[PDB]
Amino acid sequence: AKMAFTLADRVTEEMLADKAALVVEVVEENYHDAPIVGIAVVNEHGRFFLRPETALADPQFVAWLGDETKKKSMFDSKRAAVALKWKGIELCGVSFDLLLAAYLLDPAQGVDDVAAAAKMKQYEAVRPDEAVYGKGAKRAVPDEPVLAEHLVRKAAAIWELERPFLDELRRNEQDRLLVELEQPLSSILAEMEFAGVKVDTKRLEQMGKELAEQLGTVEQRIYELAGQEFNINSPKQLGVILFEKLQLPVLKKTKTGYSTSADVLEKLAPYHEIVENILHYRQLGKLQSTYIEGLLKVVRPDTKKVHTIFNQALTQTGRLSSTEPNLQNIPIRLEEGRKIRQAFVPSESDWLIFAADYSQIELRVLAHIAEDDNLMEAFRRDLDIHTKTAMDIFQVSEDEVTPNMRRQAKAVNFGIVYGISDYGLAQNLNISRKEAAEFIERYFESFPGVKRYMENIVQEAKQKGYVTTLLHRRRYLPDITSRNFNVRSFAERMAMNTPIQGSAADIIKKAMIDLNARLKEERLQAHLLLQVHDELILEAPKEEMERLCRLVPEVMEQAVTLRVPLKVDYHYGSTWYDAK
DNA sequence: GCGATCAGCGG
DNA sequence: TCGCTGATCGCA
Ligand SMILES: OC[C@H]1O[C@@](CO)(O[C@H]2O[C@H](CO)[C@@H](O)[C@H](O)[C@H]2O)[C@@H](O)[C@@H]1O
Ligand SMILES: OC[C@H]1O[C@@](CO)(O[C@H]2O[C@H](CO)[C@@H](O)[C@H](O)[C@H]2O)[C@@H](O)[C@@H]1O
Ligand SMILES: [Mg+2]
């Protein structure tokens with residue numbers, strides 16, 4: 001059954017055809033400055049395996065890799081591109097990426113290796129990566145014979161599957177989505193990850209010391225108030241002190257025991273002084289453990305930079321995710337945690353951080369897709385949307401909107417943006433499910449177009465089996481027909497929400513591609529560093545700020561044309577914290 | 001070691 | 001609402 005192939009000791013001309021399935025294997029999950037364990041090439045002349053030290057040192061092979069006219073079909077080309085970037089080798093001409101193709105066809109499949117993608121087309125002549133490399137502490141690169149056959153079989157699958165995947169994408173009207181959006185974006189993400197973000201470790205270390213001192217004081221205060229020492233970070237141990245020793249009331253319970261979440265504690269504060277201290281301890285501890293220590297653990301000692309990895313093929317909405325470290329959830333709401341951002345600095349002297357974010361892109365997209373007259377007019381007037389929503393839902397003038405009214409209207413808008421259940425709205429507003437649903441009803445009365453869209457999209461999801469975004473991204477919702485209320489209701493909320501969140505994702509992704517092209521045309525040194533859902537973070541010489549103030553918002557605002565304007569706010573400063 | 005649990009951060 | 005990471009704790 002074995003697959004035939006040449007275990008080459010040297011690179012030959014037939015290995016450099018102008019079209020080929022290419023495998024540049026990087027086994028380590030985090031591919032930054034990681035080893036390339038083997039190479040495989042499948043083209044019209046046959047199948048080949050090349051040892052990396054051999055191929056990567058060969059002038060002809062390197063040139064072939066960097067020749068844009070020599071087309072390669074791969075799986076997760078960003079992984080290979082970045083690993084090659086760390087070795088000073090440019091990878092060009094990738095015309096097809098099976099990972100991105102499979103992702104667009106059905107993000108719910110969770111395709112994470114060639115075998116999984118291949119199974120979509122009943123092709124099983126390739127093993128899953130885990131079966132070959134194992135997992136966890138037992139993970140390891142096998143002997144050359146085993147490794148070589150695996151890489152060749154993966155290349156062979158890619159070679160065979162390109163056609164059927166492109167054919168289905170075309171049928172789904174997603175061919176341009178792959179070739180003009182995701183694949184070009186993949187190269188941009190590769191550049192961003194490789195560039196990395198400079199971190200002021202001394203600053204982070206000082207904050208750590210400060211936090212350590214405050215945690216110590218609060219910790220002792222907690223033991224003092226509890227009358228004994230215990231592991232505060234143990235919900236189980238904490239639950240005993242709180243609901244058994246101190247007798248505080250049990251307002252919420254978890255599947256395994258007493259709930260000790262912040263929202264619960266907030267309500268118990270009045271009963272005992274220990275509660276506020278536990279809340280303070282949770283805050284400080286979160287910062288120390290997750291943001292100070294967690295960040296310091298992944299900073300590269302030699303360059304003092306963190307090189308995140310953007311997972312371009314994970315979410316069912318089309319949004320990107322970030323890991324090692326996750327730079328999409330750095331504190332900002334609370335001033336104490338916000339200061340963490342002072343640690344993210346420009347990578348060069350006299351450079352600054354420039355941040356631009358879309359203002360309410362999700363609600364603007366909703367106004368566009370639902371064609372709601374009231375919502376469109378609100379944005380055409382660039383009104384404060386939360387105040388406007390309050391005015392309509394509570395039937396009052398602008399002057400009559402109180403701070404609490406706006407907060408609740410903002411919470412309602414949030415629930416719409418993220419498609420949360422009428423139950424989740426109650427939890428956030430600390431009100432009853434009945435009252436939460438009551439607000440929703442009032443919202444739809446004020447925004448009849450949105451109500452019509454919500455009803456129509458659910459019916460469409462049921463009829464077609466999926467929902468789509470502005471750029472044709474798709475999400476299958478099989479649960480839309482379930483006779484289980486909660487399961488069905490969630491599917492309905494995803495039907496409503498995906499076109500909103502997903503279209504916003506499409507827009508920012510296109511903006512990134514457009515921005516990179518403009519920066520190059522303008523010969524600016526400025527470059528993208530991070531993307532955080534609705535915002536783009538760049539760094540550039542201080543001499544380029546004025547031009548960026550005009551260029552960045554314009555490019556982002558014109559990425560697509562909607563029935564309402566797109567608005568982009570921007571700031572810049574010495575640190576990410578200052579780009580405020 | 002590993003996965004389940006619970007917790008909290010952003011958009 | 002999700003995707004991420006970290007501390008704890010039962011099972012191995
Ligand atoms: O290279 C990223 C790419 O690889 C996948 C697997 O095909 O994820 C792997 O790498 C990520 C970044 O290190 C890890 O978070 C993940 O656990 C690991 O399996 C894809 O999901 C991703 O698009
Ligand atoms: O000091 C370590 C020792 O204290 C306990 C409580 O008896 O836990 C404390 O310290 C941990 C590490 O800093 C925290 O995670 C925990 O929240 C705090 O109460 C013991 O578990 C530990 O052996
Ligand atoms: Mg914003």
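Heavy-atom basis, side chains included; hydrogens, waters and symmetry copies ignored. Protein chains get the first letters and strands the later ones, always in sequence-line order, with residue 1 at the start of each.
On the nucleic acid side, DNA chain C contacts chain A at distances under 4.0 Å to non-hydrogen atoms, with the end points of that region at C:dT1 to C:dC9.
Using the sign of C1'-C2'-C3'-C4' as the criterion, C:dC2 falls on the south side of the pucker cycle. In C:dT8, the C1'-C2'-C3'-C4' torsion is negative, which places the sugar in the south family.
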Would you mind writing out the side-chain donor-acceptor pairs for residues 230-242 of chain A within the sub-3.5 Å range, not counting sequence neighbours?
from, atom 1, to, atom 2, distance (Å)
A:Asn231, OD1, A:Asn233, N, 2.9
A:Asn231, OD1, A:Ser234, N, 3.2
A:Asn233, ND2, A:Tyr281, OH, 3.4
A:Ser234, OG, A:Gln237, N, 3.3
A:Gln237, OE1, A:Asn231, N, 3.1

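The pair A:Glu193-A:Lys78 meets the salt-bridge criterion, with a side-chain N (NZ, NE, NH1 or NH2) lying under 4.0 Å from an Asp/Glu carboxylate O. The residues A:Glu492 and A:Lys462 are annotated as not salt-bridged, no charged nitrogen and carboxylate oxygen being separated by less than 4.0 angstrom. Here A:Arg221 does not pair with A:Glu276 in a salt bridge; the nearest charged N to carboxylate O distance is not below 4.0 Å.
Taking A:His368 as the reference, nothing meets the ring pair (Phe, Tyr, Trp, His ring centres under 6.0 Å) condition, with sequence neighbours excluded. The side chain to side chain contact (heavy atoms under 4.5 Å, CB included) check on A:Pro107 picks up A:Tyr103, A:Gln316, with sequence neighbours excluded.
Taking a 4.0 Å limit (strictly below) on heavy-atom distances, residues 469-485 of chain A does not reach DNA chain C anywhere.
Residues A:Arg442 and A:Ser446 have side chains that bring a donor and an acceptor to within less than 3.5 angstrom of each other.
Across all strands shown, A:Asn231 has heavy atoms under 4.0 Å from sugar-phosphate atoms exclusively, and none from any base. Across all strands shown, A:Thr317 has no heavy atoms under 4.0 Å from either base or sugar-phosphate atoms. Using a 4.0 Å heavy-atom distance criterion, A:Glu324 is classed as a sugar-phosphate-only contact.
More than 12 heavy-atom neighbours from other residues, nucleotides or ligands sit within 6.0 angstrom of CD on A:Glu224.
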Per-nt protein contacts along nucleotides 1-11 of chain B (heavy atom under 4.0 Å; B base, S backbone sugar-phosphate only, - none) come out as SS--SSSBBSB

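Here the side chain of A:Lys410 pairs no donor or acceptor atom with the backbone of A:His386 at under 3.5 angstrom.
Separation of atoms CZ (A:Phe439) and CG (A:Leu429) is listed at 7.0 Å; rounding is to 0.5 Å.
The aromatic rings of A:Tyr572 and A:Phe354 sit parallel, their planes meeting at an angle under 30°, below the 60° perpendicular limit.
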